[PDB]
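For reference, the structure discussed in these notes is given below.
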There are 4 protein chains.
Amino acid sequence: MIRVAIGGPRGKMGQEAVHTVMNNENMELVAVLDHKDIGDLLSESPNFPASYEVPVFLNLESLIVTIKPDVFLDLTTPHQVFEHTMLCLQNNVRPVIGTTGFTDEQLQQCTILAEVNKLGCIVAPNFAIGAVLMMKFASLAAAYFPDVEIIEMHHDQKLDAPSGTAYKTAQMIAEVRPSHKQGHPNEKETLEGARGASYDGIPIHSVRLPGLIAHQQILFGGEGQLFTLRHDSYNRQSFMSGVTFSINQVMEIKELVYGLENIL
Amino acid sequence: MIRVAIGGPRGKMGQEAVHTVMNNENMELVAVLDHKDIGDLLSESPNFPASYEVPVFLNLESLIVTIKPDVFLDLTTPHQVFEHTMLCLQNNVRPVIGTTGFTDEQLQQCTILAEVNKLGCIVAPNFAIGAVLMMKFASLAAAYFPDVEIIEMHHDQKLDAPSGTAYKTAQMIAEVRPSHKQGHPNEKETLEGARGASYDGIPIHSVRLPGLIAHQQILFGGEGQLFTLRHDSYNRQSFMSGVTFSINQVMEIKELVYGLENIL
Amino acid sequence: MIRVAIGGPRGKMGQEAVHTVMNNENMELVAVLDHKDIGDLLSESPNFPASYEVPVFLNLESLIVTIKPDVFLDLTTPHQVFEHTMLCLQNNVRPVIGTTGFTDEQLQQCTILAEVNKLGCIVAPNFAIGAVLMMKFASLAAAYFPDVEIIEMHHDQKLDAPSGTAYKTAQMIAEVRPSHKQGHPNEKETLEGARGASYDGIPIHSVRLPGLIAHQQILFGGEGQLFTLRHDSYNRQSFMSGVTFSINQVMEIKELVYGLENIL
Amino acid sequence: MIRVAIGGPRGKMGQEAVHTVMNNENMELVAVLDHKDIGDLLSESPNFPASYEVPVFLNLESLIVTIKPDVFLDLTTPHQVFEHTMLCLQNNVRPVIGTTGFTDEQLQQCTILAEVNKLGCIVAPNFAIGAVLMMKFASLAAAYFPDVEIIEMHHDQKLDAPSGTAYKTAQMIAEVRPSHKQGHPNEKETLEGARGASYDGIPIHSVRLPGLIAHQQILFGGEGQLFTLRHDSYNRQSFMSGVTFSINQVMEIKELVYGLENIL
């Protein structure tokens, strides 16, 4: 059985994770770390619901000594992850961190402390197992098919192109793929931009339409063939089998692992 | 029965058309208009094969008076189509023209002459019925889904991006779709080119990989849905059901029609 | 301006339609026809919310005389549509019916009455414009590509295979496509069922997975090419541009139209 | 440099392999093993072309002693592979076998002999790297997404459904995926066959159309997401990067490897 506490239960990711943890047969949600803005009207922004089973704490120190969870799932913000991770790792709690955060120096302090205490920690910048396998498998495939393109498609409210997942995908592929540009050397755009963006010579195209959520295809060309990997995320439940896997696996490892590609 | 003569039988399109006409139950190939470069070694560049059934002519005047074909399928070059079309239309031969050619003034002379002689003429810049239906249907769909993107994919020897078919597709859609840009007004590329090219606000993306031949997808977004039209051409047989349809239909019309979208 | 009343506002389709009508600039939601089961606890099943702008009626007679809506959008049940449609058509209200209902005889009474009163009526068994265009366009395409397959994909709670939309698609195509079977005459299944179901010789395949919502692809083969039409519905907002179109168009027609393919 | 001899150079696979070996910078085609049917008119069925560089042998014993190739690529028939493989392995030639062949007992004799002689042998029932990676990656993915479907699409002259590649894919997945059926327990087909074939509960669907060559998609469902692997083969050049990889890698291994999934 794994007793889980969640930091940031009211967030978009947090509300899904609450549901996932409560519904996983071998997990029990035992506490949350939460606090609202001082200006939040309860009418607009309700409190996390009061229960005996899931008390709400405002600070992690207090949660840990009272509840002694097995696992802390941190769905807070990049400014808070280092102090939370260090606190867990000194108190025999396995932290599972969903974040874009940590400095180099901060991550090295966490890594060393997890190692000496023989305590697991997983830092997952992308919990969605389909996305992570897409990227992991693309990087293995690029040893055999060095000509590749990435097409990513999102809703039309998204502010950044290309997506973070496409940039990460291109970085992973570029660890394996020899650096080169693609397309005939003499090709020329007659409408500026037709060929897309380039990362290390890898073309990346960004589609933005109503109706779409989050989608990526990776297209590997070679003589006489096409090999394609695709991930479609229709909602934030897409991230939950990575949350589940991370909570299960953190219990079994004795060091810090950064990125789910390193343990799937 | 329709007695067909072919201009340019040794060309990439011509060799397919020869096969198609010979194998269509209701057509007979009765002559070809052909000539080689004065420097063509027969070892490299064979003559069209000699037969009693399919004589070879060097000029169209001579073909027409000797053979009196029902239909002339012109697979020659843009510099020759006007004189060929005029000659047919004055000699009771229905011309079917595969070309990017004609000036405005030339096409108006052909149109008027076909009309007065009550003789059909089809000019087809794209014979592939799947491509033409893709475009025709996209232009009807754009009345209901004004947010659309085009993704075109070709082999990596292609020199121009975007493809002619994508440009034509975008022009057809823009006849119906109100002019607007797409994507959040505040979106910004962090890798130049990610959002593609724009035609009248329609994004167009160009993929260039080994293995691919010629492919296009048109993606129509709206709330809660995606509607997609796609054409894949694996070889030049893709153009042959348009060749067949044009030869059949030219016999039945009494005026010049430019573009297969206007008669499918 | 079009003053709209909705029958069945708490239904899955109804709740979306309420939102759509309230948010369309040229429509005003002026009333609902609604009633709950006598055993519905308000705690489980709330009343439609009380407002001055949108009164709730238990019977349509009463709604019509008090509110005199321009359009009645019926999202009730097959047992109620005939009496509702007849009542509208005698009271100068344009009915827009979302239903699998009507008998032959019932529909003929509605058709005749709409015609004599010069009043529009639309009956839409499928409001999703992308789905309906998919089917309409497939039926036009089947004149040129008689070899076709349908692949439909839904969530894994769905009880019927194939879907109603696939059956309707196959019926529409079969109006145009000559009846024939496909696949080599000597082909044999070594694992029973591999080739799918057949409707008039058209193969139909049904995919059932978690994660999927409602999806269909129609694949048209021919020499050297593939032409594909696809619709993806991610949520019930997919049906709302047909609801909007129907309410707009019913005002402009003077007879009953059955199926949106007949007016898009 | 690797000196390669090819068995069966005039076969569909053989003619591609001849080209591939001749064009690979580090390979030299040094001989072929070939013979025609006694009834083959040279007019219909030409001899492999005569050259000093690539002599033609009728038996492998004779080829091996005269030419002493590094690698023998066997593109012959299942009845001949065992005797060819044994002969190579006793004569310091690395055999690379493209076949559906070998008995259990035959393969064990080859395995043992390769091991004692510290000589590489690769037996590849599927040379296409995209196909093999598709299958290998699907089997890894099935540890995280146990609900999966296979859709395979081929030309309409194919006699068997499902394809061998789909059957192999399903067998590979079933090594990892817990055995279960999919779809609602109460689902019912209203048109027989809609749900496809089942292998260990894995649904398999077979599409047969003109225009298609050889295609497979593997669809992995889970909450809120879809993860898809796809391979498209447009021609027999699709198999050639596996031929190249096998010839390179056989030189580096010291035992027999059956199936490219075991060394990619």
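When reading the values below, keep in mind they use all heavy atoms of this one structure, side chains included, and skip hydrogens, waters and symmetry mates. All chains are named by letter (A, B, ...) in the order of the sequence lines, taking the proteins before the strands, and each is independently numbered beginning at 1.
Around atom CZ of B:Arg236, no more than 12 heavy atoms belonging to other residues, nucleotides or ligands sit under 6.0 Å away. Within a 6.0 Å sphere centred on NE2 of A:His184, heavy atoms belonging to other residues, nucleotides or ligands number more than 12. Atom CE of D:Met22 has 12 or fewer neighbouring heavy atoms from other residues, nucleotides or ligands inside a 6.0 Å radius.
With rounding to the nearest 0.5 angstrom, the CZ atom of D:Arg94 is 9.5 Å from the CD1 atom of D:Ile253. Note: D:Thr228 OG1 to D:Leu219 CG = 4.0 Å, rounded to the nearest 0.5 Å. With rounding to the nearest 0.5 Å, the separation of CE in D:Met1 from CD in D:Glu28 is 6.0 Å. In this structure, the separation between CE on D:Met27 and CD1 on D:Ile247 is 4.5 Å, given to the nearest 0.5 Å. Distance CG/A:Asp147 to CG/B:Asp156: 6.0 Å, rounded to 0.5 Å. The CD atom of C:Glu189 sits 11.0 Å away from atom CG of D:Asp160, with the distance rounded to the nearest 0.5 Å.
Of the possible polar contacts, none joining the D:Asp200 side chain to the D:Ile202 backbone as a donor-acceptor pair under 3.5 Å is found. No donor-acceptor pair closer than 3.5 Å links the side chain of D:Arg3 to the backbone N or O of D:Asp70. With hydrogens and angles disregarded, a donor-acceptor distance shorter than 3.5 Å links the side chain of C:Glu149 to the backbone of D:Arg208. In this structure, A:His180 contributes its side chain and A:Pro178 its backbone to a donor-acceptor pair below 3.5 Å.
At a threshold of 4.5 Å between non-hydrogen side-chain atoms, the residues D:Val4 and D:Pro69 do not count as touching. For the pair A:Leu140/D:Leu133, no side-chain contact is recorded, criterion being any heavy-atom separation below 4.5 Å from C-beta on. Proximity of D:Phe245 to D:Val132: side-chain heavy atoms (C-beta onward) are nowhere separated by under 4.5 Å.
Of all heavy-atom pairs between C:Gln225 and B:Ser241, the closest is NE2-OG, 3.6 Å. Among all heavy-atom pairs drawn from A:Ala131 and A:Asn126, the shortest one is CB-ND2, 3.8 Å. The minimum heavy-atom distance linking B:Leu191 with A:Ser198 is given by the pair CD1-O, 3.7 Å. Across A:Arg177 and A:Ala142, no two heavy atoms sit closer than the pair CB-CB, 4.2 Å. Of all heavy-atom pairs spanning D:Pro203 and D:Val148, the tightest one is CD-O, 3.4 Å. Among all heavy-atom pairs drawn from A:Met134 and A:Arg230, the shortest one is SD-C, 4.5 Å.
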Verdict with reasoning, D:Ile6 to D:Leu33, per side chain to side chain contact (heavy atoms under 4.5 Å, CB included): CA-CA 6 Å; D:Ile6 298 169; D:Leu33 176 75; over 6 Å; no
Chi angles and distances behind the side chain to side chain contact (heavy atoms under 4.5 Å, CB included) call for D:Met240, D:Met13: CA-CA 9 Å; D:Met240 293 302 107; D:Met13 203 71 96; 4.1 Å; yes
Intermediate values then yes/no, side chain to side chain contact (heavy atoms under 4.5 Å, CB included), D:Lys158 and C:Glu187: CA-CA 7 Å; D:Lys158 181 163 180 63; C:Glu187 81 172 344; over 6 Å; no
Test side chain to side chain donor-acceptor pair (under 3.5 Å) applied to B:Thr165 and B:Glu152, step by step: CA-CA 9 Å; B:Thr165 291; B:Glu152 57 94 342; over 6 Å; no
Candidate pair D:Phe137 and D:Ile218, rule side chain to side chain contact (heavy atoms under 4.5 Å, CB included), full reasoning: CA-CA 10 Å; D:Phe137 292 160; D:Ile218 305 177; over 6 Å; no
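Ring-plane geometry between B:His205 and A:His205 is classed as perpendicular, the angle between the planes exceeding 60 degrees on a 0 to 90 degree scale with a lower cut at 30. Below 30°, between 30° and 60°, or above 60°: for C:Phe145 and C:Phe220 the angle between ring planes is between 30° and 60°, a tilted geometry. Aromatic ring orientation, D:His84 versus D:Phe72: perpendicular (interplanar angle above 60°, classes split at 30° and 60°). Between D:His215 and B:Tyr234, the ring planes are tilted. Angles from 30° to 60° get that label.
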